[PDB]
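Asks: Next up, protein_12.txt (compact mmCIF, C-alpha atoms).
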```
# COMPACT_ATOMS: atom_id res chain seq x y z
CA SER J 1 142.20 -202.06 7.18
CA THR J 2 145.25 -201.90 9.41
CA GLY J 3 146.64 -199.76 12.19
CA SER J 4 150.12 -199.18 13.55
CA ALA J 5 151.02 -197.23 16.69
CA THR J 6 154.22 -196.72 18.63
CA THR J 7 154.25 -197.81 22.26
CA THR J 8 156.63 -196.06 24.66
CA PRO J 9 157.94 -197.08 28.10
CA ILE J 10 156.56 -194.84 30.84
CA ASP J 11 159.88 -194.70 32.71
CA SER J 12 163.51 -195.84 32.60
CA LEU J 13 162.61 -199.31 33.93
CA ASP J 14 159.93 -200.20 31.36
CA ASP J 15 157.41 -200.42 34.19
CA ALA J 16 154.63 -200.15 31.59
CA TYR J 17 154.10 -198.94 28.03
CA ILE J 18 151.75 -196.24 26.75
CA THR J 19 150.24 -195.95 23.29
CA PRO J 20 148.40 -192.86 21.99
CA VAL J 21 144.71 -193.42 21.25
CA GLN J 22 142.31 -190.97 19.61
CA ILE J 23 138.84 -190.84 21.21
CA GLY J 24 135.90 -188.76 20.06
CA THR J 25 135.25 -185.96 17.58
CA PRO J 26 137.30 -183.80 17.45
CA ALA J 27 139.90 -186.31 18.57
CA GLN J 28 141.00 -186.35 22.19
CA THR J 29 144.33 -188.16 22.41
CA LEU J 30 144.95 -190.18 25.57
CA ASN J 31 147.95 -192.40 26.31
CA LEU J 32 146.61 -195.83 27.20
CA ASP J 33 148.18 -198.97 28.61
CA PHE J 34 147.42 -201.73 26.10
CA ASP J 35 146.66 -204.75 28.25
CA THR J 36 146.31 -208.22 26.75
CA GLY J 37 145.38 -209.42 30.25
CA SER J 38 142.08 -207.51 30.52
CA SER J 39 139.15 -206.54 28.34
CA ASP J 40 137.95 -203.05 29.31
CA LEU J 41 138.87 -199.82 27.55
CA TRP J 42 138.61 -197.29 30.38
CA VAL J 43 139.84 -193.73 30.70
CA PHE J 44 140.37 -190.94 33.14
CA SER J 45 137.61 -188.49 32.37
CA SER J 46 135.78 -185.30 33.27
CA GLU J 47 133.71 -187.60 35.53
CA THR J 48 136.67 -188.86 37.58
CA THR J 49 136.66 -187.72 41.21
CA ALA J 50 138.85 -184.63 41.09
CA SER J 51 141.07 -185.65 44.02
CA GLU J 52 141.88 -188.89 42.15
CA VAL J 53 143.22 -187.09 39.05
CA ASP J 54 146.90 -186.05 39.25
CA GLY J 55 148.35 -185.07 35.89
CA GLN J 56 146.52 -187.51 33.61
CA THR J 57 144.89 -186.37 30.42
CA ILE J 58 141.11 -186.76 30.65
CA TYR J 59 138.42 -187.68 28.16
CA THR J 60 135.54 -185.18 28.22
CA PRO J 61 132.56 -186.84 26.49
CA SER J 62 130.52 -183.62 26.46
CA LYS J 63 133.12 -182.19 24.05
CA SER J 64 132.80 -185.10 21.60
CA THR J 65 130.05 -184.79 19.01
CA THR J 66 130.09 -188.57 18.51
CA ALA J 67 129.90 -189.58 22.18
CA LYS J 68 126.69 -191.18 23.40
CA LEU J 69 125.91 -192.29 26.93
CA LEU J 70 125.37 -196.06 27.00
CA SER J 71 122.27 -195.80 29.13
CA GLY J 72 122.31 -197.76 32.36
CA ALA J 73 125.74 -199.27 31.76
CA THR J 74 128.32 -199.36 34.54
CA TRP J 75 131.69 -201.04 34.92
CA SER J 76 133.96 -202.00 37.79
CA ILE J 77 137.27 -203.81 37.54
CA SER J 78 139.91 -205.07 39.95
CA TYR J 79 143.35 -206.05 38.70
CA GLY J 80 145.80 -208.65 39.97
CA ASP J 81 147.95 -205.94 41.56
CA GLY J 82 145.09 -204.82 43.82
CA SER J 83 144.27 -201.69 41.82
CA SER J 84 140.75 -200.93 40.65
CA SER J 85 138.52 -198.46 38.85
CA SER J 86 134.83 -198.06 38.03
CA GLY J 87 132.34 -195.75 36.35
CA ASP J 88 129.83 -195.38 33.53
CA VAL J 89 130.05 -195.94 29.78
CA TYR J 90 129.92 -193.98 26.54
CA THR J 91 130.16 -195.17 22.99
CA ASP J 92 132.43 -193.11 20.77
CA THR J 93 134.83 -193.29 17.86
CA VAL J 94 138.23 -194.72 18.80
CA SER J 95 141.28 -194.79 16.55
CA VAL J 96 144.64 -196.48 17.09
CA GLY J 97 147.45 -195.84 14.68
CA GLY J 98 145.05 -195.02 11.85
CA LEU J 99 142.56 -197.86 12.51
CA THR J 100 139.11 -196.55 13.45
CA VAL J 101 136.25 -198.25 15.32
CA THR J 102 132.94 -196.46 15.60
CA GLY J 103 130.64 -197.26 18.49
CA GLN J 104 133.45 -198.46 20.76
CA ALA J 105 132.55 -198.71 24.44
CA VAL J 106 134.66 -196.12 26.26
CA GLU J 107 134.39 -196.74 29.98
CA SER J 108 134.60 -193.43 31.82
CA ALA J 109 136.11 -193.63 35.28
CA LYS J 110 134.24 -192.07 38.16
CA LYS J 111 136.65 -193.64 40.66
CA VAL J 112 140.20 -194.97 40.38
CA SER J 113 142.41 -196.45 43.06
CA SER J 114 145.51 -194.74 44.35
CA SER J 115 148.01 -196.53 42.11
CA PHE J 116 146.26 -195.16 39.02
CA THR J 117 146.14 -191.64 40.46
CA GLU J 118 149.82 -191.84 41.34
CA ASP J 119 150.83 -192.76 37.77
CA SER J 120 150.47 -189.53 35.84
CA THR J 121 151.69 -191.13 32.59
CA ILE J 122 148.80 -193.60 32.15
CA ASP J 123 145.48 -192.09 31.08
CA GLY J 124 143.62 -195.42 31.06
CA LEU J 125 143.77 -198.98 29.80
CA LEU J 126 142.88 -200.56 26.46
CA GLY J 127 142.04 -204.21 27.05
CA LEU J 128 143.03 -206.79 24.45
CA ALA J 129 142.09 -210.06 26.19
CA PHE J 130 138.88 -211.81 25.17
CA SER J 131 135.62 -209.89 25.42
CA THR J 132 134.18 -212.50 27.80
CA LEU J 133 136.17 -210.72 30.55
CA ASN J 134 134.66 -207.28 29.87
CA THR J 135 133.07 -205.93 33.05
CA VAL J 136 130.33 -203.68 31.62
CA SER J 137 126.91 -204.46 33.11
CA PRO J 138 124.17 -205.24 32.27
CA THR J 139 125.31 -205.55 28.63
CA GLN J 140 128.87 -206.78 28.21
CA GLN J 141 130.90 -204.83 25.65
CA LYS J 142 133.48 -205.84 23.04
CA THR J 143 137.15 -204.94 23.03
CA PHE J 144 138.63 -202.60 20.45
CA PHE J 145 140.22 -205.61 18.72
CA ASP J 146 136.96 -207.56 18.67
CA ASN J 147 135.16 -204.59 17.15
CA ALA J 148 137.90 -204.00 14.57
CA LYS J 149 138.50 -207.65 13.68
CA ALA J 150 136.08 -208.02 10.77
CA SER J 151 137.50 -204.93 9.06
CA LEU J 152 141.14 -205.89 9.51
CA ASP J 153 143.08 -207.35 6.60
CA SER J 154 143.95 -210.28 8.89
CA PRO J 155 142.33 -210.90 12.31
CA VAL J 156 145.53 -210.33 14.27
CA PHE J 157 147.44 -207.82 16.31
CA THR J 158 151.12 -207.88 17.20
CA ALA J 159 153.08 -206.65 20.19
CA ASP J 160 156.70 -205.60 19.65
CA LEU J 161 157.74 -204.08 22.96
CA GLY J 162 161.13 -202.42 23.29
CA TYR J 163 163.75 -202.84 25.97
CA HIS J 164 164.35 -199.34 27.29
CA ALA J 165 163.06 -198.08 23.93
CA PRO J 166 159.83 -197.58 22.00
CA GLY J 167 158.13 -200.40 20.15
CA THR J 168 155.01 -201.04 18.10
CA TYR J 169 151.48 -202.40 18.24
CA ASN J 170 150.17 -203.36 14.81
CA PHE J 171 146.60 -204.34 13.97
CA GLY J 172 145.62 -206.38 10.94
CA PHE J 173 149.02 -207.35 9.54
CA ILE J 174 152.31 -209.01 10.44
CA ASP J 175 155.37 -206.84 9.71
CA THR J 176 157.79 -209.43 8.35
CA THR J 177 160.68 -206.97 8.77
CA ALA J 178 160.15 -206.75 12.54
CA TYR J 179 161.51 -210.16 13.57
CA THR J 180 164.26 -212.63 12.76
CA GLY J 181 163.80 -216.23 11.76
CA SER J 182 160.29 -217.64 11.73
CA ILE J 183 157.25 -217.19 13.96
CA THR J 184 156.39 -220.28 16.01
CA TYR J 185 152.67 -220.57 16.70
CA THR J 186 151.28 -222.31 19.75
CA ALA J 187 147.81 -223.22 20.96
CA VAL J 188 145.67 -220.91 23.08
CA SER J 189 142.94 -221.69 25.60
CA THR J 190 140.32 -218.95 25.90
CA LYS J 191 138.55 -220.70 28.79
CA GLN J 192 139.68 -218.09 31.33
CA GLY J 193 139.37 -215.19 28.89
CA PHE J 194 143.15 -214.81 28.52
CA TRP J 195 145.73 -215.46 25.82
CA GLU J 196 146.64 -218.60 27.74
CA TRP J 197 149.25 -220.97 26.32
CA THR J 198 151.78 -223.60 27.44
CA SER J 199 155.51 -222.98 27.27
CA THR J 200 157.62 -226.07 26.66
CA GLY J 201 160.30 -225.28 29.25
CA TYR J 202 163.15 -223.04 30.24
CA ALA J 203 166.88 -222.57 30.64
CA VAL J 204 168.90 -220.33 32.95
CA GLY J 205 171.88 -218.63 31.32
CA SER J 206 173.98 -221.11 29.36
CA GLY J 207 172.44 -224.03 31.25
CA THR J 208 170.70 -226.99 29.74
CA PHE J 209 167.09 -226.62 28.69
CA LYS J 210 164.53 -228.19 31.04
CA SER J 211 161.57 -229.61 29.15
CA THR J 212 158.49 -228.96 31.26
CA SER J 213 155.02 -227.61 30.52
CA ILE J 214 154.34 -224.14 31.94
CA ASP J 215 150.79 -222.89 31.42
CA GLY J 216 150.54 -219.12 31.55
CA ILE J 217 149.16 -215.99 29.94
CA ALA J 218 150.69 -213.52 27.50
CA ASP J 219 149.97 -210.28 29.38
CA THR J 220 151.29 -206.96 28.09
CA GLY J 221 149.71 -205.23 31.09
CA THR J 222 151.90 -207.04 33.62
CA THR J 223 155.45 -205.74 33.97
CA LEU J 224 157.29 -208.83 35.19
CA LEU J 225 157.60 -212.54 34.44
CA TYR J 226 155.77 -214.66 37.04
CA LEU J 227 156.62 -218.37 36.99
CA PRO J 228 156.43 -221.37 39.33
CA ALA J 229 158.53 -221.15 42.46
CA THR J 230 160.75 -224.05 41.35
CA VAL J 231 161.69 -222.26 38.11
CA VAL J 232 162.23 -218.91 39.82
CA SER J 233 164.43 -220.47 42.51
CA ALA J 234 166.54 -222.14 39.83
CA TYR J 235 167.05 -218.77 38.15
CA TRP J 236 167.98 -216.73 41.23
CA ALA J 237 170.26 -219.48 42.56
CA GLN J 238 172.61 -218.45 39.74
CA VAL J 239 172.91 -214.88 41.09
CA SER J 240 175.26 -214.44 44.05
CA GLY J 241 173.46 -212.81 46.94
CA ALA J 242 169.97 -213.05 45.48
CA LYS J 243 167.22 -213.90 47.95
CA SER J 244 163.47 -213.81 48.33
CA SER J 245 162.54 -210.93 50.64
CA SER J 246 159.15 -211.13 52.35
CA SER J 247 159.42 -207.48 53.40
CA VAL J 248 160.14 -206.26 49.87
CA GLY J 249 157.68 -208.68 48.24
CA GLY J 250 159.86 -210.83 46.02
CA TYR J 251 163.34 -211.74 44.90
CA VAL J 252 165.98 -209.04 45.25
CA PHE J 253 169.59 -209.17 44.18
CA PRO J 254 172.74 -207.06 44.55
CA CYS J 255 172.61 -204.17 42.13
CA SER J 256 176.29 -204.93 41.39
CA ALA J 257 175.34 -208.28 39.81
CA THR J 258 175.44 -209.20 36.14
CA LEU J 259 172.28 -211.23 35.59
CA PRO J 260 172.09 -214.41 33.51
CA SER J 261 169.66 -214.69 30.64
CA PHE J 262 166.46 -216.71 30.87
CA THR J 263 165.18 -218.80 27.97
CA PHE J 264 161.60 -219.98 27.54
CA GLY J 265 160.29 -222.54 25.07
CA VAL J 266 157.61 -221.98 22.45
CA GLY J 267 157.13 -225.39 20.92
CA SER J 268 160.56 -226.40 19.66
CA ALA J 269 161.65 -222.75 19.47
CA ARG J 270 163.40 -220.72 22.15
CA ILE J 271 163.05 -217.09 23.22
CA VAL J 272 166.04 -215.68 25.10
CA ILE J 273 165.47 -212.90 27.64
CA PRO J 274 168.82 -211.11 28.14
CA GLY J 275 169.89 -210.77 31.75
CA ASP J 276 169.67 -206.98 31.68
CA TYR J 277 165.92 -207.22 30.98
CA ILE J 278 165.51 -208.83 34.43
CA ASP J 279 166.94 -205.84 36.36
CA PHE J 280 164.23 -203.57 37.80
CA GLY J 281 166.60 -201.36 39.71
CA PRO J 282 166.93 -200.31 43.33
CA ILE J 283 164.12 -201.33 45.65
CA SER J 284 164.10 -197.75 46.97
CA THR J 285 166.06 -194.73 45.82
CA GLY J 286 169.76 -195.13 46.54
CA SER J 287 169.53 -198.76 47.66
CA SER J 288 172.07 -201.31 46.47
CA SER J 289 169.38 -204.02 46.58
CA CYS J 290 167.69 -204.37 43.20
CA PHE J 291 164.30 -205.86 42.38
CA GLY J 292 164.17 -208.93 40.17
CA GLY J 293 162.20 -209.15 36.95
CA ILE J 294 161.42 -212.86 37.38
CA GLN J 295 159.18 -213.53 40.39
CA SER J 296 157.16 -216.42 41.75
CA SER J 297 153.56 -216.88 40.64
CA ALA J 298 152.83 -219.03 43.70
CA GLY J 299 150.54 -216.40 45.25
CA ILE J 300 148.77 -215.50 41.98
CA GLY J 301 147.15 -218.72 40.77
CA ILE J 302 148.43 -218.32 37.20
CA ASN J 303 151.78 -217.90 35.50
CA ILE J 304 152.19 -214.59 33.71
CA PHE J 305 154.41 -213.95 30.68
CA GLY J 306 154.49 -210.20 31.24
CA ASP J 307 156.55 -207.50 29.58
CA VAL J 308 159.90 -208.94 30.72
CA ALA J 309 159.21 -212.00 28.57
CA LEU J 310 157.19 -210.44 25.77
CA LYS J 311 159.65 -207.65 25.01
CA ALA J 312 162.25 -210.31 24.08
CA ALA J 313 159.98 -211.41 21.24
CA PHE J 314 157.77 -210.34 18.38
CA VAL J 315 154.39 -211.63 19.53
CA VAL J 316 151.39 -212.39 17.31
CA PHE J 317 147.94 -212.40 18.92
CA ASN J 318 146.03 -214.38 16.30
CA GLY J 319 142.29 -213.81 16.71
CA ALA J 320 141.16 -216.21 14.01
CA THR J 321 138.21 -218.50 14.75
CA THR J 322 140.59 -220.69 16.74
CA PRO J 323 142.99 -218.18 18.34
CA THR J 324 146.70 -218.91 18.59
CA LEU J 325 149.84 -217.08 19.73
CA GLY J 326 153.00 -216.66 17.70
CA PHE J 327 156.49 -215.85 18.97
CA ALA J 328 159.58 -214.89 17.01
CA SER J 329 162.99 -213.69 18.08
CA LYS J 330 163.91 -210.18 16.98
```
Could you render the structure from this file as structure tokens?
Replies:
Amino acid sequence: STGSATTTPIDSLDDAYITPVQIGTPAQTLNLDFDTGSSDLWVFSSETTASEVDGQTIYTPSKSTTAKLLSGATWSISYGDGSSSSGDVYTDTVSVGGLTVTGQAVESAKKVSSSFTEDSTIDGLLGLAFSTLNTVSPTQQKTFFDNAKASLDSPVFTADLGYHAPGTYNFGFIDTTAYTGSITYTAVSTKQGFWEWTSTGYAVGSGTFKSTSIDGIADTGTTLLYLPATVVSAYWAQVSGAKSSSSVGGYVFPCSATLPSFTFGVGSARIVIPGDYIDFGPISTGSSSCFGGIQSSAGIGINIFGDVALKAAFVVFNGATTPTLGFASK
């Protein structure tokens, strides 16, 4: 089998991407944030504290003839941005782009933190990291990809995120029309549960490439590119007036600037992030200070190849017995 679904930016800045997902019988369609940095499929639901729901579409398990309470199971997750959610668990039929998994764990939120409530466009998350990170207790549950894998024509999914435009998540096949050149594959460590790999270096604009190993994760659920402070300083030093602002929480730059590109290495190959992809707009409405799309990872503990980096590439998440990542230009 295969599936193919369009993923759409939630706003004009590409702050996140939403993909329609069918849950239950008859189908209830929710727009989920596909997140290769986590491993829980959780949704706003008829069980979510009413004051914490503000415009999201909810899953109502009592209206699904295929929903079954997973007795005794609870979940609770905290993300790197400080947001969180928790609740109980159903199994139900879940379809993405024509690919169907029966018995998928659908984690129903009883509580969500304010940032989820405040984002009316995101009805939940669909985790695509390794199932070892799944938070369901006392019986850990498998991701949608893990459940689908055996049925897929090839044990892969691909992320093709758009810049200020829709893109595609495919399951089970590699669309050879969706990228240019060849796909360069690189090793993955699953030891932390992430699609963790090592970039071979970087360049800023037209500058010379610096060969240096940068371990980090391919994370579709993180908006920005988080890299070591040395790398990030080298980038922003090329932008007149750019500075790290403790009050804002990162590098800012004059909105009047034209940003240089940023290149990262994948083996001997190179992925070029155009400068415009690094502009996240005014820090507050009407400000002429703009927020940078490349930020330091120093306070995180891991480097994160988030959407800013991934949307410059066609990315293969290869879930074969030994997983690997592939990157192609597009």
Asks: For residue 141 of chain J, find every residue with an atom within 12 Å (counting all atoms listed in the file), except residues of its own chain fewer than 2 positions away, and show them as number ranges by chain.
Replies: J: 39-42, 70, 73-75, 89-91, 103-107, 127, 130-139, 143-147
Asks: Neighbouring residues of residue 282 of chain J were defined as those with any atom within 12 Å, considering all atoms listed in the file; residues of the same chain fewer than 4 positions away were excluded. Please report them as a list in words.
Replies: residues 13, 248, 252, 253, 254, 255, 256, 286, 287, 288, 289, 290, 291, 292 and 293 of chain J
Asks: If I take atom CA of residue 85 of chain J and atom CA of residue 112 of chain J, how far is one from the other in Å, to one decimal?
Replies: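 Result for atom CA of residue 85 of chain J versus atom CA of residue 112 of chain J: 4.2 Å, one decimal.
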Asks: Point out the residue among J:240, J:322, J:223, J:76 with the least atom-to-atom distance to residue 195 of chain J, counting only C-alpha atoms.
Replies: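 Smallest separation from residue 195 of chain J among the options: J:322.
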Asks: Taking (146.5, -220.9, 19.4) in the file's own coordinates, collect the residues within 12 Å, counting only C-alpha atoms, and hand them back as a PyMOL selection string.
Replies: chain J and resi 156+184-190+194-198+217-218+266-267+316-327
Asks: Which value, in Å to one decimal, gives the distance between atom CA of residue 168 of chain J and atom CA of residue 4 of chain J?
Replies: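 Going from atom CA of residue 168 of chain J over to atom CA of residue 4 of chain J covers 6.9 Å.
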Asks: Record the distance separating atom CA of residue 153 of chain J and atom CA of residue 330 of chain J, expressed in Å with one decimal.
Replies: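 Spanning atom CA of residue 153 of chain J to atom CA of residue 330 of chain J is a straight-line distance of 23.4 Å.
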Asks: Choose the residue, out of J:193, J:55, J:250, J:299, that has the smallest atom-to-atom separation from residue 120 of chain J; count all atoms listed in the file.
Replies: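 So, comparing all the options, the nearest one is J:55.
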Asks: Smallest atom-to-atom distance to residue 9 of chain J: which of J:242, J:32, J:298, J:94, using only C-alpha atoms?
Replies: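 That would be J:32, the residue with the smallest distance to residue 9 of chain J.
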Asks: I'd like the contact shell of segment 18-21 of chain J - 12 Å cut-off, all atoms listed in the file, skipping same-chain residues fewer than 6 positions apart - returned as a PDB file with C-alpha atoms, in the frame of the given file.
Replies:
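So the final result, stored in part_37.pdb, reads:
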```
ATOM      1  CA  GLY J   3     146.640-199.760  12.190  1.00  0.00           C
ATOM      2  CA  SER J   4     150.120-199.180  13.550  1.00  0.00           C
ATOM      3  CA  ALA J   5     151.020-197.230  16.690  1.00  0.00           C
ATOM      4  CA  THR J   6     154.220-196.720  18.630  1.00  0.00           C
ATOM      5  CA  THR J   7     154.250-197.810  22.260  1.00  0.00           C
ATOM      6  CA  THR J   8     156.630-196.060  24.660  1.00  0.00           C
ATOM      7  CA  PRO J   9     157.940-197.080  28.100  1.00  0.00           C
ATOM      8  CA  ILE J  10     156.560-194.840  30.840  1.00  0.00           C
ATOM      9  CA  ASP J  11     159.880-194.700  32.710  1.00  0.00           C
ATOM     10  CA  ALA J  27     139.900-186.310  18.570  1.00  0.00           C
ATOM     11  CA  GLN J  28     141.000-186.350  22.190  1.00  0.00           C
ATOM     12  CA  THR J  29     144.330-188.160  22.410  1.00  0.00           C
ATOM     13  CA  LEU J  30     144.950-190.180  25.570  1.00  0.00           C
ATOM     14  CA  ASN J  31     147.950-192.400  26.310  1.00  0.00           C
ATOM     15  CA  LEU J  32     146.610-195.830  27.200  1.00  0.00           C
ATOM     16  CA  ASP J  33     148.180-198.970  28.610  1.00  0.00           C
ATOM     17  CA  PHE J  34     147.420-201.730  26.100  1.00  0.00           C
ATOM     18  CA  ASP J  35     146.660-204.750  28.250  1.00  0.00           C
ATOM     19  CA  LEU J  41     138.870-199.820  27.550  1.00  0.00           C
ATOM     20  CA  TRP J  42     138.610-197.290  30.380  1.00  0.00           C
ATOM     21  CA  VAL J  43     139.840-193.730  30.700  1.00  0.00           C
ATOM     22  CA  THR J  57     144.890-186.370  30.420  1.00  0.00           C
ATOM     23  CA  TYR J  59     138.420-187.680  28.160  1.00  0.00           C
ATOM     24  CA  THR J  93     134.830-193.290  17.860  1.00  0.00           C
ATOM     25  CA  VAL J  94     138.230-194.720  18.800  1.00  0.00           C
ATOM     26  CA  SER J  95     141.280-194.790  16.550  1.00  0.00           C
ATOM     27  CA  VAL J  96     144.640-196.480  17.090  1.00  0.00           C
ATOM     28  CA  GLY J  97     147.450-195.840  14.680  1.00  0.00           C
ATOM     29  CA  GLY J  98     145.050-195.020  11.850  1.00  0.00           C
ATOM     30  CA  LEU J  99     142.560-197.860  12.510  1.00  0.00           C
ATOM     31  CA  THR J 100     139.110-196.550  13.450  1.00  0.00           C
ATOM     32  CA  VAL J 101     136.250-198.250  15.320  1.00  0.00           C
ATOM     33  CA  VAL J 106     134.660-196.120  26.260  1.00  0.00           C
ATOM     34  CA  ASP J 119     150.830-192.760  37.770  1.00  0.00           C
ATOM     35  CA  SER J 120     150.470-189.530  35.840  1.00  0.00           C
ATOM     36  CA  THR J 121     151.690-191.130  32.590  1.00  0.00           C
ATOM     37  CA  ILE J 122     148.800-193.600  32.150  1.00  0.00           C
ATOM     38  CA  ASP J 123     145.480-192.090  31.080  1.00  0.00           C
ATOM     39  CA  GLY J 124     143.620-195.420  31.060  1.00  0.00           C
ATOM     40  CA  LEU J 125     143.770-198.980  29.800  1.00  0.00           C
ATOM     41  CA  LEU J 126     142.880-200.560  26.460  1.00  0.00           C
ATOM     42  CA  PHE J 144     138.630-202.600  20.450  1.00  0.00           C
ATOM     43  CA  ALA J 159     153.080-206.650  20.190  1.00  0.00           C
ATOM     44  CA  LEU J 161     157.740-204.080  22.960  1.00  0.00           C
ATOM     45  CA  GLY J 162     161.130-202.420  23.290  1.00  0.00           C
ATOM     46  CA  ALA J 165     163.060-198.080  23.930  1.00  0.00           C
ATOM     47  CA  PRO J 166     159.830-197.580  22.000  1.00  0.00           C
ATOM     48  CA  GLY J 167     158.130-200.400  20.150  1.00  0.00           C
ATOM     49  CA  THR J 168     155.010-201.040  18.100  1.00  0.00           C
ATOM     50  CA  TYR J 169     151.480-202.400  18.240  1.00  0.00           C
ATOM     51  CA  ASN J 170     150.170-203.360  14.810  1.00  0.00           C
ATOM     52  CA  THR J 220     151.290-206.960  28.090  1.00  0.00           C
ATOM     53  CA  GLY J 221     149.710-205.230  31.090  1.00  0.00           C
TER      54      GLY J 221
END
```
Asks: Go through J:26, J:181, J:201, J:241 and flag the residue nearest residue 227 of chain J, using all atoms listed in the file for the distances.
Replies: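 Ranked by minimum distance to residue 227 of chain J, first place goes to J:201.
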Asks: Rank J:296, J:263, J:46, J:177 by their smallest atom-to-atom distance to residue 61 of chain J, using only C-alpha atoms, and report the top residue only.
Replies: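 Among J:296, J:263, J:46, J:177, it is J:46 that comes nearest to residue 61 of chain J.
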Asks: Looking at J:207, J:228, J:216, J:37, which one is nearest to residue 129 of chain J, with distances taken over only C-alpha atoms?
Replies: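 Once distances to residue 129 of chain J are computed over only C-alpha atoms, the minimum belongs to J:37.
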Asks: Skipping near chain neighbours, those fewer than 5 positions away, what residues fall within 12 Å of residue 164 of chain J using only C-alpha atoms, listed as a VMD selection string?
Replies: chain J and resid 7 to 17 276 to 280 307 to 308 311 to 312
Asks: Would you mind putting back N, CA, C and O atoms on segment 219-232 of chain J, then writing it out as a short mmCIF file (atom, residue, chain, number, x, y, z; two decimals), in the frame of the given file?
Replies:
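As written to disk, part-v8.cif reads:
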```cif
data_model
loop_
_atom_site.label_atom_id
_atom_site.label_comp_id
_atom_site.auth_asym_id
_atom_site.auth_seq_id
_atom_site.Cartn_x
_atom_site.Cartn_y
_atom_site.Cartn_z
N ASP J 219 150.63 -211.42 28.74
CA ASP J 219 149.97 -210.28 29.38
C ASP J 219 150.84 -209.02 29.27
O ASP J 219 151.73 -208.79 30.09
N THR J 220 150.54 -208.20 28.26
CA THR J 220 151.29 -206.96 28.09
C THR J 220 151.06 -205.97 29.22
O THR J 220 151.85 -205.03 29.37
N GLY J 221 149.99 -206.12 29.99
CA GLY J 221 149.71 -205.23 31.09
C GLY J 221 150.35 -205.60 32.40
O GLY J 221 150.14 -204.90 33.40
N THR J 222 151.14 -206.67 32.44
CA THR J 222 151.90 -207.04 33.62
C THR J 222 153.37 -206.80 33.31
O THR J 222 153.85 -207.18 32.24
N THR J 223 154.08 -206.15 34.23
CA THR J 223 155.45 -205.74 33.97
C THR J 223 156.40 -206.93 33.93
O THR J 223 157.28 -207.01 33.07
N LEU J 224 156.29 -207.81 34.93
CA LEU J 224 157.29 -208.83 35.19
C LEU J 224 156.87 -210.20 34.67
O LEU J 224 155.78 -210.41 34.14
N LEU J 225 157.79 -211.15 34.81
CA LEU J 225 157.60 -212.54 34.44
C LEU J 225 157.37 -213.34 35.71
O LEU J 225 158.26 -213.42 36.57
N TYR J 226 156.17 -213.91 35.86
CA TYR J 226 155.77 -214.66 37.04
C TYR J 226 155.66 -216.13 36.69
O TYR J 226 154.82 -216.51 35.86
N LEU J 227 156.48 -216.96 37.32
CA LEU J 227 156.62 -218.37 36.99
C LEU J 227 156.61 -219.21 38.25
O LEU J 227 156.71 -218.69 39.37
N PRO J 228 156.50 -220.53 38.12
CA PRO J 228 156.43 -221.37 39.33
C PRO J 228 157.66 -221.21 40.19
O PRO J 228 158.76 -220.95 39.71
N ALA J 229 157.46 -221.39 41.50
CA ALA J 229 158.53 -221.15 42.46
C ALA J 229 159.77 -221.98 42.18
O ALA J 229 160.88 -221.53 42.45
N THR J 230 159.60 -223.20 41.67
CA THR J 230 160.75 -224.05 41.35
C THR J 230 161.61 -223.40 40.28
O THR J 230 162.84 -223.38 40.39
N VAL J 231 160.97 -222.89 39.23
CA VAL J 231 161.69 -222.26 38.11
C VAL J 231 162.40 -221.00 38.58
O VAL J 231 163.56 -220.74 38.24
N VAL J 232 161.69 -220.18 39.36
CA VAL J 232 162.23 -218.91 39.82
C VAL J 232 163.40 -219.13 40.77
O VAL J 232 164.40 -218.41 40.71
#
```
